[PDB]
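Below is the structure I would like to discuss, written out as structure tokens.
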């Protein structure tokens, strides 16, 4: 029998004949002995029992920079509502009864962690209505402006040696983006605004919470009022959009960053034979995750593990350094120059695609949320004051071809180097040279350095920031756009896309029960921050489709003159033509990670195959694993890109689907097919211009299938050299009128759709032809 | 029912089917069988009577004259019974159970209803041409029946079965419209107005050069007229050269070609189409045979499923500007105009013009053009096109698909019938019920992206929401290569030869490019005639008169020259492009000087594959004949899952007017009540040849030989020693690319070696012998009196804020603009491209690449190797590089020498045919063929070799696909085995001898040839399969020094053919054959050709590939040069031949045995000592 | 058929050249198929 | 049918008057006969 979620707290079971079981509608929130403010966040089936995640709309969390116990629930005003994971069972019809109830307590904070948290600042979440221009921030100081000062041009050649930028050909390379304007950056104790600038290069107060609350917020309220009578020339009102992505409010005002971080961090559920794993959502970053031992006592506090303590394998040692060297500056000299890189932490947040389990293994994926240092000096003063220190790390044109050599390339490892370079009859934004290489021949090794003047080394305060997108540098320039859309190509006979190693990074992997126990120890460590190691992980440069932006039509080395033009080179300039329910065409999104075991037989004496699929902007990604080792699939040749990752573009039908309305991902064991359910009723009621939405009705379903030569099929296929892929195809189940309840996969050859057009229910039976549906009107009972 | 000895086996020419290897419980074979009776003359049947009353008259005659069946053979190849529908007296259908499952006992046989199958009287006399077996249902088979007429097509009377081309002096230009358009004095207000000022909006740079042109479009309010419609503006009109010189299908097509039967005619005349009959068969039972379902392959099922944009093919998504530009330029309009492809049109050549395009054109008021109106010219599926789509069945699940054949059943010398799509017969209720449908390949191949191939990239295989690219095939077959379902053969690409557009005033001097765009010259190869090209093929007619005189070198519209191209400098871009900001109702024509050669032209305006599906902004036209090899792995479960009918939306339709067209998007969200997007990703992966790209591929083309000779294109084994035809390595001089254009950031960027040296190749430009690294602006293009172009002139300069006024042109330029130029550093100066390389591969295999001719072999007009052909003086006219007229991508002299047109390579006595770059007087040349008649439709049986490999007969070569299913690093992935028979190689109809290819028990594929079966041509010029109407070329006298510094200048060639009598005689294949010493059979035998012996390490070119010491192209050339005498090691060689007595007609193949003509059937020695114990004891 | 006590069989041999099972065509005069009827041959 | 997983049954009862095993006629409102199948009742 199949289970259906009637609403945010009720669950109704159906027989395989698409008929509802009488007296089966159960209120699990009531059953779990939880109050009205709670609703079911995620549900999964393990060991035949139903595991349910619950989260309260009434949760309140505080961050106190002073003290030992910094992150805590606000007891005082009935905000001590932690999230719970409950095991339920059938005691028979359907009669649910609670087995175990686990609470997810806030994270513990060390002395070292709290020194980053004290001055940690966070970007306002990205919305359905957030533009390329809202995201855009004013360009920072160039390399020669930081280390040398103003009017120090054509003196670079003689002075670059002292500042340890020996032979560096890019004085004009940007050092980051200014934080005096643009999208709001807030402390954990501070709250985010309902307003978002239309142009971040001009409107906005960035990290200046004080300057916003005193003067700018009032201009914003006047331009962009809530419900319209408003002008909407400088600002967008996204209260409705924010609310739809899980933002908690005290009427009109959102709760502080820390509360939003908690509520969104308890979004996805995975269950193994010994552990329960809880991660965040795809909308906003997750700085921690929960590992709950299933053997935990009735009233014990289950604490999360920080991502800043979870050391991942980025594929290569160099790939990890790239991410870390940009997290901050690593030479305190000051005293309060605390950031993540200095306090010896790793990547602190991820925008989680999802989490699942196969053969007691946990599988995760997501995009790495951009993180860089920033100056907070407050005065003469430092040249980098009120600015983020981020840069492009895209592989140089002169680099050796072959995946391993492209990703290990020392281009932009310690400091900035990319810009705009004229090559023959075209151009590039990536530095043409690395090592001893110059146009004349060999000139001595090229050096890079963190954008901090060595004279101002002591009198500088480099603290930490976290972005709401997979973008590290938002600085309004050429290279920012090519790194975001994947438009950097080499010029050698065999073309290759030069990847970035900090911007639009997709991280994925498989976690063992012992790798999870390690994670649990780190959460329970008191005093020192204990470090975790996840071996079977990988990273891959996954950018947004270039054709989601107006003005770009191909991806080649040769670039047309019109493509050096400002209108299609900077963020504010760039215009979106993306149809996937996002106003921006620059930041990538991922959702619906689901793994499954292949029904097709494998060679005798070999373990059954299993893979995972996930949806990203522009296509479907497939994660390939070796079952004989429960590791990521790999191959002998380093020149070929890790065979554990595959990407297949969408067509206009799949691109048309609003990725922000993802409801549920399912997998049919007998078919080997994934059903992606999108409910249009998950749309915000109003635009950024407060205009009522008129397309929040209906649904859509996408089928995902395996393609390619699979492992251990025969003597030849015991090893692979090509990554097996996936195929996303609009199933044929869709509506614009009906409001979906759920989809029953009745059989391999049949499916049932439960919906309401005018309150009354309707069961639609669709004919299934190996992932392709067509409605049966005869099957109406 | 008993085996009739008078009926012997045969092979149908369209699908090359002869017999089916039957597997499972009861193995054996199901082979074709026919009466080999002569004393048959179709002449008796008299032609008033229309095409249909005549055809039934031929049918009734052939019925009492010809006998056909499909006999069943056991595993030993011994025949068992016949199954002859015409001799079947009172046939019966199977007795089905209560679930539709037929009643059957292994011994008693099948249960018979006694009642004959549906439409039996019309299918009764049909000829079975193919047999396929059910994959999961036992004893279930399916036959492909066609009418007896389909087999005797070419033997029908000439008044009924026609040619698409002409039969006192011969002139190839008579049927061509060559008179260039002129200035319209009345329409001078229809000129695109220059803007008043650029926009500053944070810009800074400035220029004195003429401002951008403005193109305004406004809707307003009027049902039939727009407020503004500047794309409709046309300040030019046709020439009045003793009449208006335009495309008129009525004036120009008197005895116009029309198909045998229209689409409607075939669908209503059930005996004139193709049928599929499902049948039952169990040989070791009493009732061994029984019939099931009879389904007619209705053409309307395919036509009803054609994209909506196909109802109006004389139009495309660019609308009125492109209709006008192409129209005046005396070109075909749209994406599939009937003047180029009359085979898919019910009224054939009657509709072969640009008139009635489905949208209003040429209105007295221009703001009325572009609006949707009535048409009567849609892409349909008539007789010739229809039967070419018949053959190659596949049984996947409960479905039977027909992917079509090579089209040899209905193919004429000047016609190219091909398969447009796939047909599906979906069976239900234990095969008791059936449903017929058709899907066009255009939809099915919509999902193609570059990541799906390991060979050539950016091939013209792209498309859009309006399905403008119309892929059609010459199918080999569709077979399971292990786990993977593979569809192979040759494929028609998007057009590349007519991508460049001529400047309105150049038509007369560029006759071959005009011919090609007019459907007169059915050539698909890019011809090198670039002087007259317009800088951009997307410039509307409104902008063509801006610089009529030509003194200011028309910034918007000028004669294409990549020397006068501008910088990419931020200030050049600011001043001349970003300054002008387009709006909702206005677009600009920038004063920026864009220009580039064949590579550049194709990069911007060809339907090149990207990383995304349906991303082709421009699909020019569609090729005449299949011009690419093709193998693709299909999605079997998508083919069986997809719905019968396909629903398109308003997104697949062209805009009703120019206002709606103006702000169109290349991609749109499909309607929720449509399913057309579901059909896009049926192809999983594809291959077009060996796994090589760009310059690396060229090296391989040199390595292969020409069938007619056996001599390579390289001419490498023994400065005045011949040079290669397709490669630049060691040809010309070594130019340092760090000294070209901006001369910055080049050293390690393109070459991973210190030395940035690149071979110029034949026909280069240098300042002097000493100065070979970059040519300074001293090939500066001058224009007609007060001539020189002036860099440093007020217009040709950009002043940024601060006043440093700098010129926009480049100081130095690459050292070659020849048809062989291959610049890794300059795309604007590259002529060699991937689309040409793909065509050049297939053509060289067929051995049909044309050569440019000046001197025939005749007296007082001969070409002498010594003193006339200097291989050392390749920079000058002595080298004899035409630079105008020849095939782009090669060295014309190197090809002539390979063809042995001059030299001892083909004839002991030198034929003295060639090309002389004249320094004396104006040259007059014509392109001619090789003497070979192989066609890109000469595609045989698909032959699965093993679990990882497959191959087929393509012309005189057996091509094998080594590295497609599971590719290996370092291999080319292709094997080639050439036929040895010189009479077949040099035959007029060479593919008439081909009698099918089969995989043998020893594990090698073999092919049957019967040279006695060679058909003779029925026939100033004489039509053969490789006949092309090449137009004359006339150029000014060549310079003695600094020859190729400039693009070679042509002159009016409209009155030139009258002095080319000798040359024009060589357009007929038989006349080339005669001069080459191949005149007549001067012999053969009929036997079987076997492939070259191949080992797992055959094709290992890994050593030749990669490296930085020498560039990949340079390392492969040295490697191929070290392997000239052991080509068998790379997998290029000659096929071995075994003589066979008598006349080869077919083969009977069982999973145990392959018997030619079904001879040699034995008892099998192994199982002779094993028997049953008799029941009595 | 258990009631009729009839057994319908087909003789198969493993071929050396093609390493798969093939039917013994000469097993009976008619083919590789035979019946074992207990005098219910009428 | 083992493959289809379909079971066709007929309900029977022992009549007190006559020792015979009589079929239950009201068992399915259509008669004593009924079928047991999963979703392939789509026939």
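Numbers in chain B come straight from Swiss-Prot, and the residues shown are 59-105, 108-227, 232-782, 789-1089, 1097-1159, 1164-1258, in order.
So how was this one determined? The header says X-ray crystallography, 2.7 Å.
Cβ from N, Cα, C; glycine included.
Sharing the feature lines straight out of Swiss-Prot:
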type	residues	note
COMPBIAS	B:240-257	compositional bias 'Basic and acidic residues'
COMPBIAS	B:258-272	compositional bias 'Low complexity'
REGION	B:845-885	region 'Disordered'
COMPBIAS	B:851-860	compositional bias 'Polar residues'
COMPBIAS	B:868-878	compositional bias 'Polar residues'
REGION	B:927-949	region 'Disordered'
COMPBIAS	B:933-946	compositional bias 'Basic and acidic residues'
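Surface or core, plus neighbours and distances: that's what I need for these features.
Nonlocal intrachain contacts for the compositional bias 'Basic and acidic residues' (B:240-257), taken as residues 6+ away from its ends with a CB within less than 8 angstroms of a stretch CB, comprise 277-279, 294, 297-303, 305, 309-311, 316, 392-394, 430, 568-572, 575, 578-579, 582, 584, 604, 606-607, 609-610, 612, 653, 1108, 1131.
Sequence-distant contacts of the compositional bias 'Low complexity' (B:258-272), counting only residues of its own chain at least 6 positions beyond either end whose CB sits under 8 Å from a CB of the stretch, comprise 278, 610, 634-636, 638-640, 642-645, 652, 655, 864-865, 867-871.
Non-local neighbours of the region 'Disordered' (B:845-885) in the same chain are 268-274, 614-617, 619, 623, 625-631, 633, 635-636, 638-640, 657, 803, 805, 807, 809-813, 830, 834-837, 891, 893, 895-896, 899, 1119, 1122-1123; each lies 6+ residues outside the stretch with a CB under 8 Å from one of its CB atoms.
Each residue of the compositional bias 'Polar residues' (B:851-860) gets a DSSP state, and the totals for helix, strand and coil are 0 helix, 0 strand, 10 coil.
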Give me the DSSP three-state residue breakdown of the compositional bias 'Basic and acidic residues' (B:933-946), ordered helix, strand, coil.
4 helix, 0 strand, 10 coil
Helix, strand, coil residue numbers for the compositional bias 'Basic and acidic residues' (B:240-257) per DSSP?
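Helix, strand, coil within the compositional bias 'Basic and acidic residues' (B:240-257): 0 helix, 2 strand, 16 coil.
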Per DSSP, what is the residue tally for the region 'Disordered' (B:845-885) in helix, strand and coil?
3 helix, 9 strand, 29 coil
Of the residues in the compositional bias 'Low complexity' (B:258-272), how many are helix, strand and coil by DSSP?
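Grouping H, G, I as helix and E, B as strand yields 0 helix, 3 strand, 12 coil.
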